[PDB]
K.L.:
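I'd like to ask some things about the structure below.
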Protein chains: 2
Amino acid sequence: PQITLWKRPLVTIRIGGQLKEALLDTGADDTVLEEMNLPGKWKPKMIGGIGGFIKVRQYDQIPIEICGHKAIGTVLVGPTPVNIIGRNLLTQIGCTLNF
Amino acid sequence: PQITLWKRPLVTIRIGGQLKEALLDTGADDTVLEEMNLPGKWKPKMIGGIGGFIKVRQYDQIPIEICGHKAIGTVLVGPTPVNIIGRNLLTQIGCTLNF
Ligand SMILES: CC(C)(C)NC(=O)[C@@H]1C[C@@H]2CCCC[C@@H]2CN1CC(=O)[C@H](Cc1ccccc1)NC(=O)[C@@H](NC(=O)COc1cccnc1)C(C)(C)S(C)(=O)=O
């Protein structure tokens, strides 16, 4: 599909068993999800956005379907207002910018 | 161009006569540049992301050339590690996401 940028490019994702709305975010190196209690091991991490840094939990090799396209990789979980799909997963679904 | 996402989507922009590198960010509502001088009036504004809110200076109707494509719009100037081109200007240059 093609997604214009008139509005926030929000799409439906699936992770664990839980559809969510998430932002396709070319300016994000990583994928950051709103607080959720995912199973399995994780590592503490700091990530920095416009306001400064926040603490997150890094989970690896988590399957996540984005607009029906399967991906699997690292997801960071913490107090973000918005679910973010970053480049680590956008590449897996063959997403490009075009102009 | 078509731009893939295995690296940060950085491009050269020209603004107020000067060349800068900037990040094409579909996650950003707005365009935020590192501290710099720009001509004309500005208004204080606040903007928020991961890690919270910052103060910026809002300049309206500013010409920027982004990877060879012209835009004229709102540019915020404030503390960021990265010049950011957000949707307000990505739309002007006809940028879409595709997968
Ligand atoms: C720029 C503006 C203020 C207008 N909007 C945003 O920041 C919105 C805020 C949104 C609401 C809050 C959650 C994040 C979303 C998306 N987010 C856009 C994301 O694409 C932002 C845009 C951004 C990019 C680089 C530096 C700062 C910010 N991405 C991130 O915050 C991301 N940061 C980076 O990708 C790398 O950041 C650097 C780079 C170099 C030095 N220091 C930090 C990230 C989400 C923290 S991460 C590392 O991908 O988890």
Side-chain angles (χ1 to χ4, degrees), chain A residues 2-6 8-9 11 22-32 45-54 56 66 71 73-76 80 82 84-99, chain B residues 1-17 19-38 47-51 54 56-59 62-69 71-99:
Chain A
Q2 176 172 100
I3 297 170
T4 63
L5 296 170
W6 290 120
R8 291 171 179 154
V11 302
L23 184 66
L24 301 181
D25 190 343
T26 56
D29 303 327
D30 305 304
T31 292
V32 189
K45 190 180 173 81
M46 296 278 278
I47 57 176
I50 199 67
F53 282 74
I54 66 168
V56 294
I66 302 152
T74 296
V75 313
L76 309 182
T80 178
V82 180
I84 291 158
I85 307 303
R87 291 188 297 100
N88 71 307
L89 303 188
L90 294 171
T91 51
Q92 294 188 20
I93 72 179
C95 187
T96 57
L97 290 163
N98 300 75
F99 58 103
Chain B
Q2 171 163 272
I3 300 172
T4 62
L5 296 172
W6 285 281
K7 303 175 173 188
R8 291 174 175 164
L10 299 168
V11 300
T12 301
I13 65 165
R14 187 165 61 263
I15 179 174
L19 299 176
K20 295 177 172 289
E21 296 301 293
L23 181 69
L24 300 182
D25 185 3
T26 62
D29 297 328
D30 309 304
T31 295
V32 185
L33 304 184
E34 297 161 15
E35 286 279 8
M36 68 175 293
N37 296 134
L38 280 175
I47 255 261
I50 287 196
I54 62 166
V56 296
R57 310 193 302 270
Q58 179 180 328
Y59 295 83
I62 296 300
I64 303 183
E65 184 178 279
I66 299 158
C67 202
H69 294 248
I72 305 176
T74 301
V75 174
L76 310 178
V77 176
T80 172
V82 180
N83 296 308
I84 292 151
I85 309 300
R87 292 188 295 102
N88 74 303
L89 301 187
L90 295 175
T91 57
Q92 293 201 15
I93 69 176
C95 187
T96 59
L97 288 162
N98 299 270
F99 55 92

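Letters A, B, ... are given to chains in the order of the sequence lines, protein chains preceding strands, and every chain is numbered from 1. Side chains included, hydrogens not; waters and symmetry mates left out as well; all remaining heavy atoms used.
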K.L.:
Please find the pair of heavy atoms, one from A/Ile50 and one from B/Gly49, that lie closest to each other, and give the distance.
P.N.:
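Taking A/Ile50 first and B/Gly49 second, the nearest heavy atoms are CG2-N, 3.2 Å.
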K.L.:
Apply side-chain contact (heavy atoms from CB on, under 4.5 Å) to residues A/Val11 and A/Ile3 and explain how you reach the verdict.
P.N.:
CA-CA 10 Å; A/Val11 302; A/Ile3 297 170; 3.9 Å; yes
K.L.:
Taking the side chain as everything from C-beta on, heavy atoms only, tell me whether B/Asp25 gets closer than 4.5 Å to A/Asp25.
P.N.:
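The answer is yes; the side chains approach within 4.5 Å.
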K.L.:
Can you tell if the side chain of B/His69 reaches within under 4.5 Å of the side chain of B/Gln92, non-hydrogen atoms only?
P.N.:
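A side-chain contact under 4.5 Å is absent here.
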K.L.:
At what distance, to the nearest 0.5 angstrom, does CD1 of B/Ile47 lie from CD of B/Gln58?
P.N.:
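Result: 9.0 Å between the selected atoms.
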K.L.:
What are the two closest non-hydrogen atoms of B/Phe99 and A/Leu24, and how far apart are they?
P.N.:
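In this case the closest contact between B/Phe99 and A/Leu24 is CE2-CD1, 4.0 Å.
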K.L.:
Please confirm whether the backbone N or O of B/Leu5 pairs with a side-chain atom of A/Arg87, one donor and one acceptor, at under 3.5 Å?
P.N.:
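Yes; at least one donor-acceptor contact below 3.5 Å.
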K.L.:
Nearest 0.5 Å, what's the NZ-CD1 distance between B/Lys20 and B/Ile13?
P.N.:
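The NZ atom of B/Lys20 sits 7.0 Å away from the CD1 atom of B/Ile13.
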K.L.:
Is there side-chain contact between B/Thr96 and A/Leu97, with at least one heavy-atom pair below 4.5 Å?
P.N.:
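Heavy-atom side-chain distance check fails, nothing below 4.5 Å.
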K.L.:
If you take all heavy atoms of A/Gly51 and B/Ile54, which pair is closest and at what distance?
P.N.:
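In this case the closest contact between A/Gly51 and B/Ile54 is CA-CG2, 4.2 Å.
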K.L.:
Quick one: does A/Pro9's side chain get under 4.5 Å of A/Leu23's, heavy atoms only?
P.N.:
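Yes, their side chains come closer than 4.5 Å.
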K.L.:
With the side chain counted from C-beta on, respond yes when B/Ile15 and B/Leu33 share a heavy-atom pair under 4.5 Å apart, and no when they do not.
P.N.:
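Answer yes - side chains close enough.
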K.L.:
Could you tell me whether a side-chain N or O of A/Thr26 sits under 3.5 Å from a main-chain N or O of B/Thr26, the two making a donor and an acceptor?
P.N.:
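Answer holds: yes.
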K.L.:
Give the minimum heavy-atom separation between B/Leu89 and B/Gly73, together with the two atoms involved.
P.N.:
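B/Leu89 and B/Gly73 have their closest heavy atoms at CD2-CA, 3.9 Å.
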K.L.:
So, do B/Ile85 and B/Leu90 sit near enough that their side-chain heavy atoms are less than 4.5 Å apart?
P.N.:
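Result yes, sub-4.5 Å side-chain heavy-atom pair found.
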K.L.:
Kindly indicate whether the side chain of A/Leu76, heavy atoms from C-beta on, has any atom under 4.5 Å from the side chain of A/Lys45.
P.N.:
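Heavy-atom side-chain distance check passes, below 4.5 Å.
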K.L.:
Have a look at A/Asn88 and tell me which of A/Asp30, A/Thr31, A/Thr74, A/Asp29 forms a side chain to side chain donor-acceptor pair (under 3.5 Å) with it.
P.N.:
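That would be A/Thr31.
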K.L.:
Indicate yes or no for a side-chain donor-acceptor contact from B/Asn83 to the backbone of B/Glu34 under 3.5 Å, with no hydrogens or angles considered.
P.N.:
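It does hold such a pair.
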